[PDB]
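As numbered in the entry's author numbering, residues 1 to 180 make up the sequence shown, in order. Beta carbons are placed, not taken as given, at the ideal position from N, Cα and C, and that holds for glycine. Heads up, the thing below is written out as structure tokens.
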Amino acid sequence: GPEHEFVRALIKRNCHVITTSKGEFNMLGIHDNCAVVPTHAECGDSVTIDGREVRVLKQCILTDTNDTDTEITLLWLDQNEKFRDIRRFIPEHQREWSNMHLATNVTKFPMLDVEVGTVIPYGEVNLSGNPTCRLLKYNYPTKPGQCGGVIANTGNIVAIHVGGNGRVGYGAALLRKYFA
């Protein structure tokens, strides 16, 4: 299928396993040396990526105008490899999407690609006690080691998975203005 091809290509070319003191997360490269990770991974001055130690030159915890976490953190990595530039597939605004998939590659969930269905703008939810903004929501019983997983389909990369409650998943919205 062409969604499985676009999404598996994304995972293979741009995604990596990030290990912190808080566990294993999927890391999505966006462009150049800039990658996205969930803020609650609590990345330090260096991060373990695919088993190797990598210096973080700069990190930005992304936030709305009212200082509330999006749960997206940008990492600028000290690496020679340039990520394939996927900004053209990132939406400009929050929005409902049909036939979306969740994909990650992590020790609990190797090369996972799961149909999540319809994704909708949902706003602010408190995740583990912390207010989180610009969430998209899907009716799929996600599991915790899936954080950082990409929410996408052919040509559309719209969120990273950042939380769930056994019934529903929450994705932090990927907005092109984060990466300009």
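Member of the options whose CA lies at the smallest distance from the CA of residue i
i    : options                  : result
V114 : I151, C43 and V56        : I151
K143 : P121, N33, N153 and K108 : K108
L175 : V106, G1, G163 and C133  : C133
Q94  : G169, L135, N66 and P2   : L135
7 Å CB neighbourhood of residue i in its chain, flanking five on each side removed
i   : result
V37 : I18, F25, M27, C43, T73, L75 and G148
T63 : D69 and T70
Residue i versus residue j: straight-line alpha-carbon distance, rounded
i    : j    : result
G155 : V119 : 15 Å
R87  : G166 : 31 Å
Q79  : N126 : 34 Å
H161 : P110 : 16 Å
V7   : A103 : 7 Å
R84  : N153 : 17 Å
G1   : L112 : 15 Å
Same chain, Cβ closer than 6 Å to residue i, five either side skipped, listed in chain order
i   : result
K58 : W76
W97 : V119 and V158
Beta-carbon proximity check, residue i vs residue j, cutoff 8 Å
i    : j    : result
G117 : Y140 : yes
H31  : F179 : yes
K137 : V106 : no
Same chain, Cβ closer than 8 Å to residue i, five either side skipped, listed in chain order
i   : result
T20 : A41, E42, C43, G44, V47 and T48
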